[PDB]
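For reference, work_5.cif (mmCIF, C-alpha atoms):
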```cif
data_entry
loop_
_atom_site.label_atom_id
_atom_site.label_comp_id
_atom_site.auth_asym_id
_atom_site.auth_seq_id
_atom_site.Cartn_x
_atom_site.Cartn_y
_atom_site.Cartn_z
CA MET L 1 -1.99 -4.47 -7.25
CA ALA L 2 -2.91 -3.96 -3.55
CA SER L 3 -2.66 -7.73 -2.98
CA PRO L 4 -1.68 -8.23 0.75
CA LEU L 5 2.13 -8.42 0.29
CA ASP L 6 2.15 -5.44 -2.15
CA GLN L 7 -0.70 -3.72 -0.24
CA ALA L 8 1.76 -3.47 2.67
CA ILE L 9 3.88 -1.09 0.54
CA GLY L 10 0.49 0.18 -0.71
CA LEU L 11 0.00 1.54 2.85
CA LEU L 12 3.20 3.64 2.58
CA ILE L 13 2.09 4.79 -0.89
CA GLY L 14 -1.28 5.39 0.81
CA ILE L 15 0.07 7.76 3.50
CA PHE L 16 2.27 9.44 0.81
CA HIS L 17 -0.64 10.22 -1.54
CA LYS L 18 -3.25 10.61 1.25
CA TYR L 19 -1.56 14.01 1.48
CA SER L 20 -2.35 14.58 -2.20
CA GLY L 21 -6.16 14.95 -2.06
CA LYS L 22 -5.50 18.60 -1.18
CA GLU L 23 -2.89 18.70 -4.04
CA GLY L 24 -5.41 18.25 -6.89
CA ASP L 25 -3.34 15.43 -8.46
CA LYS L 26 -1.08 12.58 -7.23
CA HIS L 27 2.18 14.62 -7.20
CA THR L 28 4.82 15.69 -4.67
CA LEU L 29 3.55 16.74 -1.22
CA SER L 30 3.83 20.50 -1.88
CA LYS L 31 4.84 22.17 1.40
CA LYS L 32 1.53 22.52 3.28
CA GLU L 33 1.03 18.78 2.96
CA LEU L 34 4.38 18.00 4.58
CA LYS L 35 4.00 20.52 7.40
CA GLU L 36 0.48 19.10 8.01
CA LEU L 37 1.88 15.53 7.83
CA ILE L 38 4.92 15.85 10.15
CA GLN L 39 2.79 17.05 13.09
CA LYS L 40 0.40 14.03 12.73
CA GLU L 41 1.50 10.42 12.03
CA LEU L 42 5.13 10.64 10.78
CA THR L 43 7.16 9.74 13.89
CA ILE L 44 5.81 7.52 16.71
CA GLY L 45 2.38 7.47 15.05
CA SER L 46 -0.35 10.00 16.01
CA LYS L 47 1.30 10.39 19.46
CA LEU L 48 4.68 11.74 18.29
CA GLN L 49 6.36 12.62 21.65
CA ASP L 50 9.56 13.43 19.65
CA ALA L 51 10.67 17.05 20.03
CA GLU L 52 10.40 20.16 17.86
CA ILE L 53 14.18 19.86 17.53
CA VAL L 54 13.69 16.37 15.99
CA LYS L 55 11.02 17.71 13.60
CA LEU L 56 13.50 20.51 12.71
CA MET L 57 15.69 17.70 11.30
CA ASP L 58 12.94 15.88 9.33
CA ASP L 59 11.84 19.23 7.88
CA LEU L 60 14.77 17.95 5.63
CA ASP L 61 12.29 18.22 2.68
CA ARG L 62 13.86 21.70 2.82
CA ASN L 63 16.52 20.06 0.53
CA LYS L 64 14.35 20.75 -2.54
CA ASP L 65 11.89 23.41 -1.37
CA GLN L 66 9.45 21.16 0.46
CA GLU L 67 7.90 19.55 -2.71
CA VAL L 68 8.31 16.09 -1.18
CA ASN L 69 8.76 13.15 -3.58
CA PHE L 70 8.29 9.54 -2.40
CA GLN L 71 12.11 9.25 -2.17
CA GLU L 72 12.35 12.38 0.01
CA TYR L 73 9.39 11.24 2.18
CA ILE L 74 11.01 7.78 2.49
CA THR L 75 14.36 9.44 3.42
CA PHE L 76 13.06 10.87 6.71
CA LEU L 77 10.66 7.95 7.35
CA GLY L 78 13.76 5.74 6.94
CA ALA L 79 15.94 7.86 9.26
CA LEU L 80 13.22 8.03 11.94
CA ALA L 81 12.20 4.35 11.57
CA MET L 82 15.86 3.36 12.06
CA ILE L 83 15.33 4.88 15.55
CA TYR L 84 11.65 4.36 16.50
CA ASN L 85 11.36 0.88 14.89
CA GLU L 86 14.66 -0.29 16.50
CA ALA L 87 15.35 -3.91 15.50
CA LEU L 88 18.12 -2.62 13.19
CA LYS L 89 21.06 -1.36 15.31
CA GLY L 90 20.43 -3.66 18.32
CA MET H 1 2.25 -11.47 13.61
CA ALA H 2 3.94 -11.25 10.19
CA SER H 3 0.73 -9.66 8.87
CA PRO H 4 1.14 -7.31 5.82
CA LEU H 5 2.65 -4.19 7.47
CA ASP H 6 4.74 -5.99 10.14
CA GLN H 7 5.88 -8.54 7.52
CA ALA H 8 6.90 -5.73 5.14
CA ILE H 9 8.80 -3.86 7.90
CA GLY H 10 10.37 -7.23 8.78
CA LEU H 11 11.34 -7.67 5.10
CA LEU H 12 12.84 -4.14 4.82
CA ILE H 13 14.96 -4.75 7.95
CA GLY H 14 15.66 -8.35 6.86
CA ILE H 15 16.98 -7.24 3.45
CA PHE H 16 19.01 -4.38 5.07
CA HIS H 17 20.66 -6.89 7.43
CA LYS H 18 20.75 -9.79 4.91
CA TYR H 19 24.22 -8.50 4.03
CA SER H 20 25.36 -8.88 7.65
CA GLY H 21 26.45 -12.54 7.76
CA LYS H 22 30.11 -11.60 7.08
CA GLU H 23 31.49 -8.29 8.45
CA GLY H 24 28.62 -6.01 7.36
CA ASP H 25 28.03 -4.44 10.83
CA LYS H 26 24.69 -4.06 12.65
CA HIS H 27 24.53 -0.28 13.21
CA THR H 28 25.33 0.62 9.58
CA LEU H 29 25.80 -1.68 6.52
CA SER H 30 29.28 -2.05 4.98
CA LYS H 31 30.08 -1.03 1.38
CA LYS H 32 31.41 -4.45 0.47
CA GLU H 33 28.26 -6.14 1.86
CA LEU H 34 26.02 -3.58 0.07
CA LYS H 35 27.80 -4.45 -3.19
CA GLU H 36 26.03 -7.88 -2.89
CA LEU H 37 22.59 -6.21 -2.65
CA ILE H 38 23.10 -4.07 -5.72
CA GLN H 39 24.30 -6.87 -8.00
CA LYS H 40 21.70 -9.59 -7.20
CA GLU H 41 19.03 -8.86 -4.58
CA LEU H 42 18.01 -5.31 -5.78
CA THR H 43 14.31 -6.40 -6.18
CA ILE H 44 13.86 -5.32 -9.82
CA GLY H 45 17.09 -6.19 -11.71
CA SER H 46 16.86 -10.00 -11.97
CA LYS H 47 13.42 -9.79 -13.70
CA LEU H 48 15.09 -7.92 -16.59
CA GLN H 49 18.79 -8.90 -17.01
CA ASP H 50 19.99 -6.72 -14.06
CA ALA H 51 22.00 -4.25 -16.21
CA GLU H 52 24.70 -3.95 -13.51
CA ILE H 53 26.39 -1.24 -15.64
CA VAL H 54 23.39 1.08 -15.05
CA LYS H 55 23.33 0.15 -11.35
CA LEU H 56 26.90 1.55 -11.21
CA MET H 57 25.07 4.92 -11.50
CA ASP H 58 22.37 4.09 -8.86
CA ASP H 59 25.18 2.82 -6.62
CA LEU H 60 24.28 6.19 -4.88
CA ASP H 61 25.01 4.32 -1.63
CA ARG H 62 28.31 6.09 -2.38
CA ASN H 63 26.57 9.25 -0.92
CA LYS H 64 28.55 10.22 2.23
CA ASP H 65 28.87 7.66 5.08
CA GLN H 66 30.43 5.00 2.84
CA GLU H 67 29.31 2.37 5.34
CA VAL H 68 25.69 3.47 4.81
CA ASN H 69 22.80 3.59 7.29
CA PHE H 70 19.28 2.23 6.88
CA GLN H 71 18.59 5.78 5.61
CA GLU H 72 20.61 5.70 2.35
CA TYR H 73 19.59 2.07 1.79
CA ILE H 74 15.84 2.73 2.10
CA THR H 75 16.17 6.12 0.34
CA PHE H 76 17.62 4.60 -2.84
CA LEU H 77 15.43 1.48 -2.63
CA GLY H 78 12.53 3.93 -2.01
CA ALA H 79 13.39 5.80 -5.22
CA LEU H 80 13.41 2.48 -7.11
CA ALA H 81 10.17 1.41 -5.35
CA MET H 82 8.55 4.62 -6.64
CA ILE H 83 9.18 2.99 -10.07
CA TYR H 84 8.81 -0.79 -9.58
CA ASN H 85 5.78 -0.46 -7.24
CA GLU H 86 4.05 1.92 -9.75
CA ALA H 87 0.72 2.96 -8.22
CA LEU H 88 1.77 6.56 -7.40
CA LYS H 89 2.70 8.39 -10.64
CA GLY H 90 0.39 6.25 -12.81
#
```
Final structure tokens representation of the file:
Amino acid sequence: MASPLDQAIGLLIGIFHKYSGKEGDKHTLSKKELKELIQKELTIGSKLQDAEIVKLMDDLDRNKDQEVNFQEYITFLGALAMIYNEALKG
Amino acid sequence: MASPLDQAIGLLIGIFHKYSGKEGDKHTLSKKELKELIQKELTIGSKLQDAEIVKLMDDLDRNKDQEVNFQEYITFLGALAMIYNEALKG
């Protein structure tokens, strides 16, 4: 795996489990990881600009006590990307 | 310029709005268009024998909006990707 076309998804998997070094093993981003993540790259890259009140939405990991699975991670990334990456609604 | 990441984003959006050459809508994605996705173009399925009957479960696009957003789309595809793209639980 990690052949260019797959490697592209590999990047998303990358960011996901980048926040798993501090988790011992390649599991769910257990709380600290997510709250460390959301403030860094999540939204408009490592620039953010988006408000605390937006982050208060994507804290959505709340759904299942902040142990974020790839699905859960992808949920907010999806929601946000549908805005920030706009070539979807237009 | 259709390099790995940009190409992949392009593909995600492209698949989302593949089922938008009928009604479908641009802001959301219609049920009846999504029901094309699930049967054939679901990434995995066609490499086995689809097993449409099981997809009737993972037809979780049923969630809330009916005429789903990019969110529910990429959430459920994300869940599947966590399986088919296995380099993250393995």
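All C-alpha atoms of chain L and chain H, which share one sequence, were paired in order; after least-squares superposition their RMSD is 2.3 Å.
The residues returned by the PyMOL selection byres ((chain L and resi 41-50) around 9) on the shown structure are residues 37, 38, 39, 40, 51, 52, 53, 54, 55, 76, 77, 80, 81, 84 and 85 of chain L.
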Set out as JSON lines a contact list for chain H and chain L with a cut-off of 12 Å, giving each residue of chain H that qualifies its closest atom pair and distance in Å to one decimal, counting all atoms listed in the file, ordered by chain and rising residue number.
```
{"residue": "H:2", "atom": "CA", "partner": "L:5", "partner_atom": "CA", "distance": 10.5}
{"residue": "H:3", "atom": "CA", "partner": "L:4", "partner_atom": "CA", "distance": 8.6}
{"residue": "H:4", "atom": "CA", "partner": "L:8", "partner_atom": "CA", "distance": 5.0}
{"residue": "H:5", "atom": "CA", "partner": "L:8", "partner_atom": "CA", "distance": 4.9}
{"residue": "H:6", "atom": "CA", "partner": "L:8", "partner_atom": "CA", "distance": 8.4}
{"residue": "H:7", "atom": "CA", "partner": "L:8", "partner_atom": "CA", "distance": 8.1}
{"residue": "H:8", "atom": "CA", "partner": "L:8", "partner_atom": "CA", "distance": 6.1}
{"residue": "H:9", "atom": "CA", "partner": "L:8", "partner_atom": "CA", "distance": 8.8}
{"residue": "H:10", "atom": "CA", "partner": "L:87", "partner_atom": "CA", "distance": 9.0}
{"residue": "H:11", "atom": "CA", "partner": "L:5", "partner_atom": "CA", "distance": 10.4}
{"residue": "H:12", "atom": "CA", "partner": "L:88", "partner_atom": "CA", "distance": 10.0}
{"residue": "H:13", "atom": "CA", "partner": "L:88", "partner_atom": "CA", "distance": 6.5}
{"residue": "H:14", "atom": "CA", "partner": "L:88", "partner_atom": "CA", "distance": 8.9}
{"residue": "H:15", "atom": "CA", "partner": "L:88", "partner_atom": "CA", "distance": 10.8}
{"residue": "H:16", "atom": "CA", "partner": "L:88", "partner_atom": "CA", "distance": 8.4}
{"residue": "H:17", "atom": "CA", "partner": "L:88", "partner_atom": "CA", "distance": 7.6}
{"residue": "H:18", "atom": "CA", "partner": "L:88", "partner_atom": "CA", "distance": 11.3}
{"residue": "H:20", "atom": "CA", "partner": "L:88", "partner_atom": "CA", "distance": 11.1}
{"residue": "H:24", "atom": "CA", "partner": "L:89", "partner_atom": "CA", "distance": 11.9}
{"residue": "H:25", "atom": "CA", "partner": "L:89", "partner_atom": "CA", "distance": 8.8}
{"residue": "H:26", "atom": "CA", "partner": "L:89", "partner_atom": "CA", "distance": 5.2}
{"residue": "H:27", "atom": "CA", "partner": "L:89", "partner_atom": "CA", "distance": 4.2}
{"residue": "H:28", "atom": "CA", "partner": "L:89", "partner_atom": "CA", "distance": 7.4}
{"residue": "H:29", "atom": "CA", "partner": "L:89", "partner_atom": "CA", "distance": 10.0}
{"residue": "H:68", "atom": "CA", "partner": "L:79", "partner_atom": "CA", "distance": 11.6}
{"residue": "H:69", "atom": "CA", "partner": "L:79", "partner_atom": "CA", "distance": 8.3}
{"residue": "H:70", "atom": "CA", "partner": "L:82", "partner_atom": "CA", "distance": 6.3}
{"residue": "H:71", "atom": "CA", "partner": "L:79", "partner_atom": "CA", "distance": 5.0}
{"residue": "H:72", "atom": "CA", "partner": "L:75", "partner_atom": "CA", "distance": 7.4}
{"residue": "H:73", "atom": "CA", "partner": "L:78", "partner_atom": "CA", "distance": 8.6}
{"residue": "H:74", "atom": "CA", "partner": "L:78", "partner_atom": "CA", "distance": 6.1}
{"residue": "H:75", "atom": "CA", "partner": "L:75", "partner_atom": "CA", "distance": 4.9}
{"residue": "H:76", "atom": "CA", "partner": "L:71", "partner_atom": "CA", "distance": 7.2}
{"residue": "H:77", "atom": "CA", "partner": "L:71", "partner_atom": "CA", "distance": 8.5}
{"residue": "H:78", "atom": "CA", "partner": "L:71", "partner_atom": "CA", "distance": 5.3}
{"residue": "H:79", "atom": "CA", "partner": "L:71", "partner_atom": "CA", "distance": 4.8}
{"residue": "H:80", "atom": "CA", "partner": "L:71", "partner_atom": "CA", "distance": 8.5}
{"residue": "H:81", "atom": "CA", "partner": "L:71", "partner_atom": "CA", "distance": 8.7}
{"residue": "H:82", "atom": "CA", "partner": "L:70", "partner_atom": "CA", "distance": 6.5}
{"residue": "H:83", "atom": "CA", "partner": "L:70", "partner_atom": "CA", "distance": 10.1}
{"residue": "H:84", "atom": "CA", "partner": "L:6", "partner_atom": "CA", "distance": 11.0}
{"residue": "H:85", "atom": "CA", "partner": "L:6", "partner_atom": "CA", "distance": 8.0}
{"residue": "H:86", "atom": "CA", "partner": "L:1", "partner_atom": "CA", "distance": 9.1}
{"residue": "H:87", "atom": "CA", "partner": "L:13", "partner_atom": "CA", "distance": 7.7}
{"residue": "H:88", "atom": "CA", "partner": "L:26", "partner_atom": "CA", "distance": 6.7}
{"residue": "H:89", "atom": "CA", "partner": "L:26", "partner_atom": "CA", "distance": 6.6}
{"residue": "H:90", "atom": "CA", "partner": "L:26", "partner_atom": "CA", "distance": 8.6}
```
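CA of residue 62 in chain L lies 11.1 Å from CA of residue 30 in chain L.
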Separation of CA of residue 60 in chain H from CA of residue 19 in chain L in Å = 27.7 Å
ask   = Suppose you want the space between CA of residue 23 in chain H and CA of residue 56 in chain H; what is it in Å?
value = 22.5 Å
Would you mind writing range 72-85 of chain H with N, CA, C and O atoms, as a compact mmCIF listing (two decimals), in the coordinates of the input?
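What landed in part.txt:
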```txt
# COMPACT_ATOMS: atom_id res chain seq x y z
N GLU H 72 20.23 5.63 3.76
CA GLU H 72 20.61 5.70 2.35
C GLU H 72 20.06 4.49 1.60
O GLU H 72 19.48 4.63 0.52
N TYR H 73 20.21 3.31 2.22
CA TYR H 73 19.59 2.07 1.79
C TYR H 73 18.13 2.32 1.39
O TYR H 73 17.78 2.23 0.21
N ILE H 74 17.27 2.65 2.36
CA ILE H 74 15.84 2.73 2.10
C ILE H 74 15.51 3.93 1.23
O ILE H 74 14.52 3.90 0.51
N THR H 75 16.33 4.99 1.24
CA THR H 75 16.17 6.12 0.34
C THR H 75 16.27 5.65 -1.11
O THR H 75 15.35 5.86 -1.90
N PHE H 76 17.39 5.00 -1.46
CA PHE H 76 17.62 4.60 -2.84
C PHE H 76 16.65 3.49 -3.25
O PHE H 76 16.00 3.57 -4.29
N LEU H 77 16.46 2.48 -2.38
CA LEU H 77 15.43 1.48 -2.63
C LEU H 77 14.05 2.13 -2.75
O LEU H 77 13.24 1.71 -3.57
N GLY H 78 13.76 3.16 -1.95
CA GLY H 78 12.53 3.93 -2.01
C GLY H 78 12.35 4.56 -3.38
O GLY H 78 11.29 4.42 -4.00
N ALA H 79 13.39 5.24 -3.88
CA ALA H 79 13.39 5.80 -5.22
C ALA H 79 13.03 4.73 -6.24
O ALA H 79 12.11 4.91 -7.04
N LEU H 80 13.72 3.59 -6.21
CA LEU H 80 13.41 2.48 -7.11
C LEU H 80 11.98 1.99 -6.92
O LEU H 80 11.28 1.72 -7.89
N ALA H 81 11.52 1.87 -5.67
CA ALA H 81 10.17 1.41 -5.35
C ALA H 81 9.13 2.34 -5.96
O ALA H 81 8.12 1.86 -6.48
N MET H 82 9.39 3.65 -5.95
CA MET H 82 8.55 4.62 -6.64
C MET H 82 8.34 4.23 -8.11
O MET H 82 7.32 4.58 -8.70
N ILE H 83 9.31 3.53 -8.72
CA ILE H 83 9.18 2.99 -10.07
C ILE H 83 8.55 1.60 -10.01
O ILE H 83 7.43 1.40 -10.49
N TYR H 84 9.25 0.60 -9.45
CA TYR H 84 8.81 -0.79 -9.58
C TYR H 84 7.44 -1.06 -8.95
O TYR H 84 6.72 -1.93 -9.43
N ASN H 85 7.07 -0.32 -7.91
CA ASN H 85 5.78 -0.46 -7.24
C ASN H 85 4.72 0.46 -7.85
O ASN H 85 3.78 0.84 -7.14
```
